[PDB]
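Visitor: Below is a structure I'd like to ask you about.
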Amino acid sequence: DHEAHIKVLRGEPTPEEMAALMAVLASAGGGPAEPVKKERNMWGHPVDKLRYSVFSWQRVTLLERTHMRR
Amino acid sequence: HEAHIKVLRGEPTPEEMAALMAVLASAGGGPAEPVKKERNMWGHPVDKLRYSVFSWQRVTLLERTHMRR
């Protein structure tokens, strides 16, 4: 077992007070942060708006990098 | 060190020499002012092509075509 658990570092609550603590913390706990269906959509990405000199190395290290990074 | 016209057989008289050269000089048609023409890259074909975002032709065709002078 290698999960990181909640620790009551001080105090010794009764099982009712444990239940109250858990129901509060569990309903306070954040919802679906970092959502599972964050689609990719590169339409109009800011890197395509920039002017690049025809020989600008940022055409490799910014533009192509940004399109191809997955 | 210039390359001169040569006549290889027979000798024309000065009159025939003048007529020969005069007609050849008349045949020297052309622009009357041969010099390096004005550069205008507007709408050059290489800008019209689709290049993959990682296509090496973005270096060896598109960029070299724009930058070459």
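Ordering of the structure tokens sets the chain letters (A, B, ...), residue numbers begin anew at 1 in every chain, and ligands are numbered from 1 in the order given.
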With 7 Å as the cut-off and only C-alpha atoms counted, what is the closest atom pair between each nearby residue of chain A and chain B? Distances in Å to one decimal, ordered by chain and number, as CSV.
Guide:
residue,atom,partner,partner_atom,distance
A:54,CA,B:63,CA,5.8
A:55,CA,B:63,CA,6.5
A:64,CA,B:53,CA,5.8
Visitor: Those same residues, written as a compact mmCIF listing (two decimals), in the first residue's frame with N, CA, C and O atoms?
Guide:
# COMPACT_ATOMS: atom_id res chain seq x y z
N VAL A 54 11.01 35.06 -42.74
CA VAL A 54 11.05 33.81 -43.48
C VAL A 54 12.12 32.87 -42.95
O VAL A 54 12.01 31.65 -43.13
N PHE A 55 13.16 33.40 -42.31
CA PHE A 55 14.23 32.61 -41.72
C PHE A 55 14.20 32.55 -40.20
O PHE A 55 15.21 32.19 -39.58
N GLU A 64 6.25 25.31 -35.22
CA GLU A 64 6.19 23.86 -35.44
C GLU A 64 6.09 23.10 -34.12
O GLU A 64 5.32 22.16 -34.00
Visitor: Among stretch 10-70 of chain A, which ones does DSSP assign to helix (DSSP H, G or I) (computed from the backbone)? Answer as a PDB file with N, CA and C atoms, in the first residue's frame.
Guide:
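Written file, result_18.pdb:
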ATOM      1  N   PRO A  15     -16.536   8.043  16.494  1.00  0.00           N
ATOM      2  CA  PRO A  15     -17.009   7.741  15.131  1.00  0.00           C
ATOM      3  C   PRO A  15     -18.092   8.668  14.595  1.00  0.00           C
ATOM      4  N   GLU A  16     -18.946   9.247  15.444  1.00  0.00           N
ATOM      5  CA  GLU A  16     -19.872  10.269  14.952  1.00  0.00           C
ATOM      6  C   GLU A  16     -19.139  11.526  14.505  1.00  0.00           C
ATOM      7  N   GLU A  17     -18.133  11.952  15.261  1.00  0.00           N
ATOM      8  CA  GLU A  17     -17.399  13.156  14.900  1.00  0.00           C
ATOM      9  C   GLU A  17     -16.495  12.920  13.697  1.00  0.00           C
ATOM     10  N   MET A  18     -15.972  11.702  13.562  1.00  0.00           N
ATOM     11  CA  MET A  18     -15.346  11.273  12.316  1.00  0.00           C
ATOM     12  C   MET A  18     -16.312  11.365  11.145  1.00  0.00           C
ATOM     13  N   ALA A  19     -17.536  10.868  11.317  1.00  0.00           N
ATOM     14  CA  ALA A  19     -18.500  10.914  10.223  1.00  0.00           C
ATOM     15  C   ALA A  19     -18.845  12.347   9.836  1.00  0.00           C
ATOM     16  N   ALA A  20     -19.054  13.218  10.821  1.00  0.00           N
ATOM     17  CA  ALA A  20     -19.290  14.633  10.532  1.00  0.00           C
ATOM     18  C   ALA A  20     -18.118  15.270   9.790  1.00  0.00           C
ATOM     19  N   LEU A  21     -16.897  15.048  10.282  1.00  0.00           N
ATOM     20  CA  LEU A  21     -15.705  15.537   9.597  1.00  0.00           C
ATOM     21  C   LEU A  21     -15.644  15.050   8.157  1.00  0.00           C
ATOM     22  N   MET A  22     -15.829  13.749   7.948  1.00  0.00           N
ATOM     23  CA  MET A  22     -15.747  13.182   6.606  1.00  0.00           C
ATOM     24  C   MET A  22     -16.844  13.699   5.686  1.00  0.00           C
ATOM     25  N   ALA A  23     -18.080  13.801   6.163  1.00  0.00           N
ATOM     26  CA  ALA A  23     -19.148  14.317   5.309  1.00  0.00           C
ATOM     27  C   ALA A  23     -18.933  15.782   4.937  1.00  0.00           C
ATOM     28  N   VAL A  24     -18.381  16.571   5.858  1.00  0.00           N
ATOM     29  CA  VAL A  24     -18.009  17.945   5.530  1.00  0.00           C
ATOM     30  C   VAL A  24     -16.871  17.972   4.518  1.00  0.00           C
ATOM     31  N   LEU A  25     -15.759  17.309   4.828  1.00  0.00           N
ATOM     32  CA  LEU A  25     -14.607  17.344   3.933  1.00  0.00           C
ATOM     33  C   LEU A  25     -14.948  16.771   2.562  1.00  0.00           C
ATOM     34  N   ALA A  26     -15.710  15.677   2.524  1.00  0.00           N
ATOM     35  CA  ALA A  26     -16.092  15.038   1.273  1.00  0.00           C
ATOM     36  C   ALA A  26     -17.023  15.898   0.432  1.00  0.00           C
ATOM     37  N   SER A  27     -17.846  16.751   1.049  1.00  0.00           N
ATOM     38  CA  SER A  27     -18.703  17.604   0.233  1.00  0.00           C
ATOM     39  C   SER A  27     -18.055  18.943  -0.089  1.00  0.00           C
ATOM     40  N   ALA A  28     -17.078  19.355   0.715  1.00  0.00           N
ATOM     41  CA  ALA A  28     -16.170  20.440   0.361  1.00  0.00           C
ATOM     42  C   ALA A  28     -15.219  20.070  -0.775  1.00  0.00           C
ATOM     43  N   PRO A  46      -2.873  31.558 -30.926  1.00  0.00           N
ATOM     44  CA  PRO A  46      -2.013  32.750 -31.021  1.00  0.00           C
ATOM     45  C   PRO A  46      -0.706  32.597 -31.791  1.00  0.00           C
ATOM     46  N   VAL A  47      -0.069  31.424 -31.797  1.00  0.00           N
ATOM     47  CA  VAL A  47       1.188  31.289 -32.530  1.00  0.00           C
ATOM     48  C   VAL A  47       1.007  31.463 -34.027  1.00  0.00           C
ATOM     49  N   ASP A  48      -0.188  31.225 -34.555  1.00  0.00           N
ATOM     50  CA  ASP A  48      -0.433  31.440 -35.973  1.00  0.00           C
ATOM     51  C   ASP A  48      -0.676  32.903 -36.312  1.00  0.00           C
ATOM     52  N   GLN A  58      12.227  30.712 -34.645  1.00  0.00           N
ATOM     53  CA  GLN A  58      10.964  30.429 -33.979  1.00  0.00           C
ATOM     54  C   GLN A  58       9.982  29.675 -34.864  1.00  0.00           C
ATOM     55  N   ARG A  59      10.187  29.659 -36.179  1.00  0.00           N
ATOM     56  CA  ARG A  59       9.400  28.774 -37.032  1.00  0.00           C
ATOM     57  C   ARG A  59       9.608  27.307 -36.689  1.00  0.00           C
ATOM     58  N   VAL A  60      10.783  26.953 -36.182  1.00  0.00           N
ATOM     59  CA  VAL A  60      11.027  25.632 -35.617  1.00  0.00           C
ATOM     60  C   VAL A  60      10.596  25.587 -34.160  1.00  0.00           C
ATOM     61  N   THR A  61      11.222  26.413 -33.329  1.00  0.00           N
ATOM     62  CA  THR A  61      11.153  26.214 -31.883  1.00  0.00           C
ATOM     63  C   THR A  61       9.888  26.765 -31.237  1.00  0.00           C
ATOM     64  N   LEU A  62       9.036  27.474 -31.974  1.00  0.00           N
ATOM     65  CA  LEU A  62       7.744  27.918 -31.464  1.00  0.00           C
ATOM     66  C   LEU A  62       6.594  27.399 -32.314  1.00  0.00           C
ATOM     67  N   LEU A  63       6.554  27.752 -33.596  1.00  0.00           N
ATOM     68  CA  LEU A  63       5.402  27.453 -34.438  1.00  0.00           C
ATOM     69  C   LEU A  63       5.235  25.952 -34.642  1.00  0.00           C
ATOM     70  N   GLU A  64       6.245  25.306 -35.222  1.00  0.00           N
ATOM     71  CA  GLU A  64       6.188  23.864 -35.440  1.00  0.00           C
ATOM     72  C   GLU A  64       6.094  23.104 -34.125  1.00  0.00           C
ATOM     73  N   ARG A  65       6.918  23.469 -33.146  1.00  0.00           N
ATOM     74  CA  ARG A  65       6.806  22.871 -31.819  1.00  0.00           C
ATOM     75  C   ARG A  65       5.385  22.942 -31.276  1.00  0.00           C
ATOM     76  N   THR A  66       4.742  24.102 -31.394  1.00  0.00           N
ATOM     77  CA  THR A  66       3.406  24.271 -30.832  1.00  0.00           C
ATOM     78  C   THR A  66       2.341  23.494 -31.598  1.00  0.00           C
ATOM     79  N   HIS A  67       2.430  23.449 -32.927  1.00  0.00           N
ATOM     80  CA  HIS A  67       1.504  22.610 -33.684  1.00  0.00           C
ATOM     81  C   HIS A  67       1.698  21.123 -33.410  1.00  0.00           C
ATOM     82  N   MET A  68       2.939  20.655 -33.353  1.00  0.00           N
ATOM     83  CA  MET A  68       3.208  19.226 -33.292  1.00  0.00           C
ATOM     84  C   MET A  68       3.192  18.651 -31.885  1.00  0.00           C
TER      85      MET A  68
END
Visitor: How many Å separate atom CA of residue A:14 from atom CA of residue A:1?
Guide: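 For atom CA of residue A:14 relative to atom CA of residue A:1, the distance reads 25.8 Å.
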